[PDB]
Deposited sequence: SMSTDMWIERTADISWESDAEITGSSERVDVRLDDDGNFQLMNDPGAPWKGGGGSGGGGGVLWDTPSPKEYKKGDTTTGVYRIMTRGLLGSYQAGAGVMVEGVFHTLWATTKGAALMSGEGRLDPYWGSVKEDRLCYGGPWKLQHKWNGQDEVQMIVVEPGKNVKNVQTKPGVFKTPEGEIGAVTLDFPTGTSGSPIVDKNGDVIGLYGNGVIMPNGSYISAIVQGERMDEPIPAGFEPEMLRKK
């Protein structure tokens, strides 16, 4: 009886067609037993992939954000759930680590995301825009002037319900998440590639 739940909506993969034309709708198929198509107290389902973050409202459901499931751990921005538990399949997901300053949050275990943009190559964002089929969008990040140092950031503009969508390199490795955009002197919006170093479970 939690207030939020996650739904798997895509695989983690760099798309050649998105490298071909700039944007490509994902064809993550799923069949029944006859061949018919369908495109996308317990511990919850941690199947690796890209997830929508849904929550119930006054008059219906809506997508509060997005996240990525890696190594049995769900990663998202802090601002998408602010720590609320997540229903995943038959079970539930409780927050494990988070940082309001870094705008990062992970469920089921510590932060597992390790790779980061190399600063030269182009990247593909697995866009999970609300009410929109999942698509990979190719774009070139950039190093921008921040008081927080010099972080990678992308020029794409998507609704805040897309925040937390994973960004991947040519290997399909998640180099960061899509954060909430900030405004530029010209009036446009820039979203940073939200990423931190991998932390570990001692034992």
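In sequence order, the gaps in C-alpha coverage of the deposited chain fall at 1-2, 43-70, 234-245.
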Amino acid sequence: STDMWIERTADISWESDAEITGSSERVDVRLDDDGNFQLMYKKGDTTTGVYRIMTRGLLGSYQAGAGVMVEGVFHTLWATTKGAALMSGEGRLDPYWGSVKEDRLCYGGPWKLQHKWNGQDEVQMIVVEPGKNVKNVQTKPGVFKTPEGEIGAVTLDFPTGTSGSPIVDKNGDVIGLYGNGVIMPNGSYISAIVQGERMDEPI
From here on, numbers count along this sequence of modelled residues.
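For the pair 55-63 and 31-39, the mean Cα B-factor is higher in 31-39. Per the PDB record, of the two stretches 149-157 and 132-140, 149-157 carries the greater mean B-factor over its C-alpha atoms. The top Cα temperature factor in the record, among 80, 118, 88, 124, falls on 118. Per the deposited coordinates, the residue with the largest Cα temperature factor out of 180, 195, 186, 16 is 186.
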